[PDB]
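Colleague: here is the sequence, then the experimental structure:
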There are 8 protein chains.
Amino acid sequence: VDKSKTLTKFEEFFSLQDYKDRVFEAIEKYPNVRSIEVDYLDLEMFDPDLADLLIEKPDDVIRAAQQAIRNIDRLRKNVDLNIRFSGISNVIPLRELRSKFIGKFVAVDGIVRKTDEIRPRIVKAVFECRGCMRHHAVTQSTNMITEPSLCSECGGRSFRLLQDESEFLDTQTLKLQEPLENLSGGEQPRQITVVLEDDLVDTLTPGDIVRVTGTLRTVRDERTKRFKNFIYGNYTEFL
Amino acid sequence: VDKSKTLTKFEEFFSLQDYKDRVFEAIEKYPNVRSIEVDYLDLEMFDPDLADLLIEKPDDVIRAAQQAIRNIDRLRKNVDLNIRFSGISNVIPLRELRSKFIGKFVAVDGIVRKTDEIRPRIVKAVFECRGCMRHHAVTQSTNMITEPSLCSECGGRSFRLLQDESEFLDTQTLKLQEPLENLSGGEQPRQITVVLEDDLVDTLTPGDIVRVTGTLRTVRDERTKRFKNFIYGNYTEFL
Amino acid sequence: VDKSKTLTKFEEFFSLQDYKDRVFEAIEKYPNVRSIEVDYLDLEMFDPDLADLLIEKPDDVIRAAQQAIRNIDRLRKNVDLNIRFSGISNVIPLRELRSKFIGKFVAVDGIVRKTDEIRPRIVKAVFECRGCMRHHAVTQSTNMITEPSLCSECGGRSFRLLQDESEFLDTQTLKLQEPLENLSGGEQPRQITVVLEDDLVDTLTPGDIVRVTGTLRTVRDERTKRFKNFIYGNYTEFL
Amino acid sequence: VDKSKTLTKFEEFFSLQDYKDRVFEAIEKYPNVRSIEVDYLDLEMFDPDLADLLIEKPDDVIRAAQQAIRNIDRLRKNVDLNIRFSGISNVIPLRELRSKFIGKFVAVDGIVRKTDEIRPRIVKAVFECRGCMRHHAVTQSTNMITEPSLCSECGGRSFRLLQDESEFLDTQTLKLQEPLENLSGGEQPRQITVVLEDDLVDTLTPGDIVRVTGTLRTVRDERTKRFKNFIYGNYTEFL
Amino acid sequence: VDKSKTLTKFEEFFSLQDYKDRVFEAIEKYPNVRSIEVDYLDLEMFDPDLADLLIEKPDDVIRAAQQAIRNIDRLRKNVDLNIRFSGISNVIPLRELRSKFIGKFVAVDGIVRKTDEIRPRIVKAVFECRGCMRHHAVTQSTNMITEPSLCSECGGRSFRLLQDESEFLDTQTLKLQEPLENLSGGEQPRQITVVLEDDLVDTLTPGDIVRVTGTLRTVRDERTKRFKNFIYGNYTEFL
Amino acid sequence: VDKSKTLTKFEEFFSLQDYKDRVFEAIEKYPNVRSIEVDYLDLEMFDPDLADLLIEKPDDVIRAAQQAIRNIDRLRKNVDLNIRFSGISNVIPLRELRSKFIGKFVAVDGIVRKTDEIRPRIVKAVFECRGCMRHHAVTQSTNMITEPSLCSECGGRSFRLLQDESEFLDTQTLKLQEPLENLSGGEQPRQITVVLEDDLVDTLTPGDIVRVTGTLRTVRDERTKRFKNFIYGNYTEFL
Amino acid sequence: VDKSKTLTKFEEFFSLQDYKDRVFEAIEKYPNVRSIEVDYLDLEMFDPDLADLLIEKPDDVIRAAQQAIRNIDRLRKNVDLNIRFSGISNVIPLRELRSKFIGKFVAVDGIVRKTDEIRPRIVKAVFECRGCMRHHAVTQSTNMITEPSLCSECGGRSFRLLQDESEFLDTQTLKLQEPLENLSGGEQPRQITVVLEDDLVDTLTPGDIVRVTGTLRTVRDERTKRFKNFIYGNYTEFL
Amino acid sequence: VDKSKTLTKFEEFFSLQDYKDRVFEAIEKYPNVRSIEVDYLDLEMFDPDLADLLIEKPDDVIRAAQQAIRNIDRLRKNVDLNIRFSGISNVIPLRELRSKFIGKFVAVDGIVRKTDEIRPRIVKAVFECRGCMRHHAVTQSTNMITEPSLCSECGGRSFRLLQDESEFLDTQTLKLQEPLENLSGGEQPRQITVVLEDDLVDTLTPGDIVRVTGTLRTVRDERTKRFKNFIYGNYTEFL
Ligand SMILES: [Zn+2]
Ligand SMILES: [Zn+2]
Ligand SMILES: [Zn+2]
Ligand SMILES: [Zn+2]
Ligand SMILES: [Zn+2]
Ligand SMILES: [Zn+2]
Ligand SMILES: [Zn+2]
Ligand SMILES: [Zn+2]
């Protein structure tokens, strides 16, 4: 919960002459950008402790980072930019994406195979509390709706989702096959699912040799009660 | 604006000479008409701000244009007329009907591919409150019944649908394929579902080159858990 | 609820010398008849307002009609005859049986195709109130049992169906294909389901060119949550 | 429940030339009369079986009697007259008013002692069902409110009394001391409570030698869980 | 024995010549009698074992002697007769009416001191089951209403007493003082309460030297929480 | 009439020249006035039917005269003014204030005997719904708080009174004795309670010969269970 | 009649010389017999009205004929004997076994086509009341367990079936095809299911030309929701 | 809720050279002072709008005032001083302390009569939520404990008071009799209760001619459901 300190670090970070500009000129083109790039190196340089936390707790850090930009933004109300990081020094071979990397910032190189259709998902679900009829919004991260814990106003524990009041976002999946030039006879290359959202959607194509950076997440499949790991894409570049 | 501010704006557009008569002739012919066509351009002339809301919140705006007409006719004959706008500048290509356009008024060109059977659907569902046995009517917009939030009379939260007291309405589904003259090799055209209801039913047929204007809606496919977009047709025109 | 007046109109109607007889001579052959025919014309003539209500609210009118016969019948206890109407001036083409005709008296011409097996259904379901163990009978119109709203004696809302105390009735379905001599190349004739009950059972045969008269009802199919219209047969004649 | 037959007997009874008049001329002076007198003898004569039932079930009979007058009264809506009987041949000594006479028509002679103040009571209590908020009226006979058994509309069993919607009536009590000219040395005369309502209120005075006619009722006193008998006055005359 | 074995034994005692007629004359005079006196000695002659149970379990025995008479009369006129035994050998002195005698048939001599007013009490309370609204009658033995255990029809456990449908019965209280000719200096006589009901009401008066025969019952005094013994009079005789 | 029909009638009486100004001057001086006196006679002139309702249903009528004034003032300053009628023909002698007059507008003469201390009472009670924590205000007319029927927002039925948010109002009690010049020997005058509130507080004193005009209300005395009548003062005048 | 009136009638038929011995010989051989055959004709002779009920309400009648025998045997050895009637005049052709015959005693001729495996079924299910843990036995007639309505001892409504304490019974299914000598071209014979239980098990085989006598029962086919008729065999005979 | 602005005004107010000192030198002697005096005039001068709000909403203002001092206090943790105001220009005669002054800052002159004993009360009650066992503190203002609305952590609505964890405060009451030198023959001077808490305790003595300043509060007495006004003392000075 001391991540409040992290917010501060980013607040300052987003004050350095160099960054302060790309931020503004980005908030300029809204909503034709949504993203602000960040060279991992500048972060490494300016405060190497934070640069480490990004790797251990991507989600939290990336949240605090976005929070800062919202604060240091007068004039243009709202505006939520996704901040993507480039040059992550934590490249990891596909085959090694096991449990230790669950929920960690990762960079994986490979070749894009199958690319699924682009479809929406709810990012901000709005619920109606069945206890007092009040409305509560809850940010979703998966395609599985997550109801509020309890209603703080009346103590209710039962909610009804109001789709017409919820906000959507574009989502897409693809297969990231590992590079062959490292295998050794007989071995049929392995692959992992990558999830691209918002503006990283419709960015990659079957064949693209790339380096996907992002958070390694996991999900248990229905029926086959087994988990499966996938990468929640943050930044992407060609090799 | 708020909804109320809009109703007014509309009550005047529907009072202007040019449309004053069209409205009465329709209210007159009911139910041999149901529709009342309005030129977008005229809406712009009368007001540029309203002609914009029509695109950002077509649902409420159109629901307002209906309460306006219902507030004009001399005989207060109720009459649920369909306001259909013609000539919409907001023309979006099919492949680009992503999330940003959910809930927005769009206009898409393409070619009617497959046409489905006309079936009815409940538009006004009547429920019996299991708490006090009173009756409540609730307007439905999808083919999925939506029960009332709670019974205002006794506080009940459980209802039973009374089909025999509900009002139906004809609905129809068809696939709209994108224009071929823009695809580039190895590219199979993408199609999208269009929903036609009331008097727009049985209006189009395979081959017809059209410019479907309507609200972009989304719906989660049962068992797949994935959302999919479709167009709720408002106005149709040939090219 | 003012249909009580309708009961009266039929009471009188079933007093005219002409009708008063076929009634009695019908109640004579019980239970080898069950039906009393009614020339729509005599109804049209004697009270043209009622003749109109039949079309708008078949079920209610036909109920009030049957109610009358029960009242104007001393001596032979019970005896419930179905009254069927001939010569309905509301003939409608098969293809046009849309929502406006849901719950309306209709006459449709066509050719009988597939004819299903004759099977029973419950017409009068008897329920045991789980609250006070009392018995309640409820008339069913579909093959889906409909429990009582609530128990008037104790306020119970939960019931158990007692099959052994319920009354059955013969039911049958068939397909009524539209007449071809009106189509126009390429068009594969459409069809609709007809439901024949009680003594209209085993009356039609594949091939019969007929004119089915009855109430247009609708039902949502399981799985495919879509509705489908069908005709609840009242009278039938050959062309 | 066959008391419906009793209603009939009174309907006829209140058709005899002689009575039919005092009824009308009474309904004339409303609301300056409220009472219609009935010579027990005429009742004895015309139908001696009814004349007996009055004695065994005063309340029911007197109800059916009042019901009749309401039926045989066109023109002046409402109007509820109390019918009082004179010349009851069931005179009983005060000291003998034991259990056998509970709920029986009785005539008792004595001298009026203490006379209490005149105060109102609720005759028709209106309740709000806490289940569905509907209103139910219930006739009260004592000064203790009696809630409905259950709500027939929703099955509710809990009610709230709405005083502002209830109707009141004047009530009064007095002591009827037994006649001394029948005692025998040492014996301190006994007494019983008489309850006078509506227009018999403020009719008797301490000292009046009278003959009270009415229904013998009983009530258990709080604290001292013992019952006590009293007379619910119907008719009164001086000796 | 069991209760049944006793009923039989009694059905014969009540069939013997000597008493055969007394029973019929009583059943005949009902309700101008209510009682049927039987000499204990005769009971001994007819059977010594039954004449004993009468003392060990007077309640059940007497309840049996009643079901017997009720099973003899020709007209099955019901008739709740009071069997009263005369000449009981089990004579216990007043001061010795302790616990061993609770529930036993005793006979105590003394002198009627103070006599209380005759009041009624419910003998047969009728309850309305709050579960199914059905009516249940329950015989009461004390002046404290005893609700049914549970409703056999619906399983309900909550009841409402319907006073207007309940049957009353006259009851009376008096103090019985021990015989003075046995006390020894500085000893104030001890008294005990006697309860007289039905036809035994208003039978004794101060001064009367009697030999009260009845069941010894006990009751806890409210607020004191202490039990106290009293005699439930069955038969009275002067000395 | 209905309530609405009355409001109108009043909105005009309060628009007439003669009273147009009195109303504004009062609305002006608020809250240094609160009252607005109106001559009954003038009400008769303006309308004889309304001047009658004032007597049959003073409560609603007066509640209407308030909504009228509240619907006239230019500044919509709310202002809860007290309409007080002067010169009421419906003068009833004290001893005759029985049930027929409960809820009616009366005028009684007598002499102020005893005067009680002025205390406040809640006029507008504010409750917190225990279901959703929302606040509801409810106008009180007695000194007994009356909770809301149910919460319309969530269906709750349980509330908690929030005294610190409720509005108070001064109330006062006094005994009004009947005029002595009409009693006839051995007759002690009868008194009745009068309740004075708002600006009528501390207006009368012992000895004052007055003509209290107000609504006759009744209330059950706790522990006694007996109703008692009292006058809710509207207008006072000296004789 | 009522059930009781019938039991008597039967107790006499089973007392007549001709059958007096058959019954005893059977009760004697139990359980090496179970059945007791009776000629319908004899039933007619003994009584024509009873021989009719047997057809209109075979279930109750047969249940009565069983309670009769159970009320005759000297040793009160219980013995659940099967009464099977021979030579039934009520012979109905297979294709005509519609609703009017549900619950009726019929006799149908045809040819045993397919025979199923003999399996057991619970005839007397024993349940443990989850409320008080008591045991209740309930006779089953179908292969679908039917729980008790409610527990009379404690009012419970929830039960658990105790298979190890329940009694089984052999049951068997076979298809009965209509006689071929009556069909007319292109007509494939219709078959109906027959259920054979107890000693009738493994009695018939393919090819056997028979005249199945039994009760016509109906049952709803799970998942189809459609009823289907079948014959519950009582007596079998070859042709 | 905009009282946050009031907090600010006091924050500034408590920064003026003059006040900033007495604050500090007061926080110096803790806990031997508890109070900081405030000349109403300085408040009147510096910001006359606030000086008015004090009178209308004493409680809120005085709260915001105390809140400020807590904020502008570094170094010495805790320390809650009561701020008392002197020289209130809202002196009001005792007899006029009616409803309009409920919850208003008031100054009343009079002579101290009876002085009650000093006793403690709970100022900060600590409750244990019966739902999750968590602890909640709630400031009390009366001697009647006020439980929390609901538990924000788990939604619980039931609490248990933990006396051993609650904080107490000294409280005292006295009678403030009005000054006689203003009455006029016969009039027996009136009085009102004053409540002195914390350090104003044991400050006044019978006889002291004083001017009590404070908030007028009201409370309904048990039994006698009537309210009574009293003064919650804030500042006191001698005349
Ligand atoms: Zn809530
Ligand atoms: Zn409801
Ligand atoms: Zn029930
Ligand atoms: Zn209700
Ligand atoms: Zn029950
Ligand atoms: Zn609420
Ligand atoms: Zn049980
Ligand atoms: Zn909690």
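Modeller: Thanks, I have it. Numbers count the residues shown, from 1 in each chain, chains lettered A, B, ... in the order given. Ligands and ions are numbered 1, 2, ... in the order given.
Colleague: only C-alpha atoms from now on, for both contacts and neighbour counts.
Modeller: Will do.
Colleague: kindly report the domain assignment for chain A.
Modeller: Using curated CATH domains, the domains assigned to chain A come out as A:1-90, A:91-120+A:170-239, A:121-169.
Colleague: wait, which of the ones you listed is closest to chain C?
Modeller: Chain C sits nearest to domain A:121-169 of all those, at 19.7 Å, using C-alpha to the nearest C-alpha.
Colleague: the closest one vs chain F: in contact?
Modeller: Yes: for domain A:121-169 and chain F, the contact criterion (C-alpha under 8 Å from any C-alpha of the partner chain) is met by A:131, A:132, A:133, A:153, A:154.
Colleague: in chain A, which residue sits nearest chain G?
Modeller: Counting by C-alpha to the nearest C-alpha, chain A gets nearest to chain G through residue A:223 (24.0 Å).
Colleague: which stretches in chain A count as strands?
Modeller: Counting by DSSP state E, chain A has strands at residues A:35-39, A:82-86, A:105-115, A:119-129, A:135-139, A:159-161, A:167-177, A:191-197, A:209-220, A:227-238.
Colleague: adding mean neighbour count and distance to residue C:36, write these out as TSV.
Modeller: Listed next are these as TSV, based on neighbours: other C-alpha atoms under 10 Å in any protein chain shown; distance: least, C-alpha to C-alpha, whole Å:
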stretch	mean neighbour count	distance to residue C:36
strand A:35-39	17	78
strand A:82-86	19	77
strand A:105-115	22	69
strand A:119-129	22	56
strand A:135-139	17	60
strand A:159-161	18	53
strand A:167-177	21	62
strand A:191-197	21	70
strand A:209-220	20	66
strand A:227-238	19	69
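Colleague: out of these, flag the one nearest ligand 8.
Modeller: Across the strands of chain A, ligand 8 has its closest neighbour in strand A:119-129 (18.9 Å, C-alpha to the ion).
Colleague: what angle separates that closest one from strand A:167-177?
Modeller: Orientation of strand A:119-129 against strand A:167-177 (axes from the mean of the first three to the mean of the last three C-alpha atoms, to 10 degrees) gives an angle of 140 degrees.
Colleague: in terms of secondary structure, what does the longest helix along chain A contact?
Modeller: In chain A, with assignment by DSSP state H, the single longest helix is helix A:58-71. In terms of contacts (3 or more C-alpha pairs under 8 Å, 6 or more residues apart in numbering or on different chains; DSSP states H and E), helix A:58-71 is packed against helix A:4-13, helix A:50-56, strand A:82-86.
Colleague: and it, how far out from the chain middle?
Modeller: Centroid separation for helix A:58-71 versus its chain: 11 Å, with C-alpha atoms, centre = their mean, to the nearest Å.
Colleague: what residue in chain A comes nearest to ligand 5?
Modeller: residue A:131 (33.6 Å).
Colleague: quick one: residues contacting residue A:149.
Modeller: If a contact means C-alpha atoms under 8 Å, 6 or more residues apart in numbering or on different chains, then residue A:149 has residue A:157 as its contacts.
Colleague: that one and chain E: what is the separation?
Modeller: Using C-alpha to the nearest C-alpha, to the nearest Å, residue A:149 is found at 38 Å from chain E.
Colleague: swap in residue A:22?
Modeller: Distance from residue A:22 to chain E, by C-alpha to the nearest C-alpha: 75 Å.
Colleague: does that residue touch residue A:36 like I think?
Modeller: Yes: the criterion here is C-alpha atoms under 8 Å, and residue A:22 meets it with residue A:36 at 7.1 Å.
Colleague: skipping adjacent residues, who's closest to residue A:93 in space?
Modeller: The shortest distance from residue A:93 to any non-neighbouring residue, by C-alpha to C-alpha, 6 or more residues apart in numbering or on different chains, is to residue A:108 (6.1 Å).
Colleague: wait, the one you found touches residue A:209, no?
Modeller: No: counting by C-alpha under 8 Å, residue A:108 stays clear of residue A:209, with 11.0 Å between them.
Colleague: how many other residues sit next to the nearest residue to residue A:6 once chain neighbours are set aside?
Modeller: Nearest residue to residue A:6 in three dimensions, chain neighbours excluded: residue A:64, at 6.4 Å (C-alpha to C-alpha, 6+ apart). Per other C-alpha atoms under 10 Å in any protein chain shown, the neighbour tally for residue A:64 reads 21.
Colleague: can you tell me which residues contact residue A:64?
Modeller: By C-alpha under 8 Å, 6+ apart, residue A:64 lies in contact with A:3, A:4, A:6, A:7, A:10.
Colleague: among those residues, which ones are buried?
Modeller: Among the contacts of residue A:64, those classed as buried by 16 or more other C-alpha atoms under 10 Å in any protein chain shown are A:6, A:7, A:10.
Colleague: ok, the last one to ligand 8 distance?
Modeller: Yep, that's residue A:10 we're talking about. With the distance defined as C-alpha to the ion, to the nearest Å, residue A:10 ends up 36 Å from ligand 8.
Colleague: can you check the second one too?
Modeller: Distance of residue A:7 to ligand 8, given as C-alpha to the ion: 31 Å.
Colleague: same question for the first one.
Modeller: Residue A:6 sits 31 Å away from ligand 8, taking C-alpha to the ion as the criterion.
Colleague: that residue and residue A:60 touch, don't they?
Modeller: No: applying C-alpha under 8 Å as the test, residue A:6 and residue A:60 come out as separate, 9.1 Å apart.
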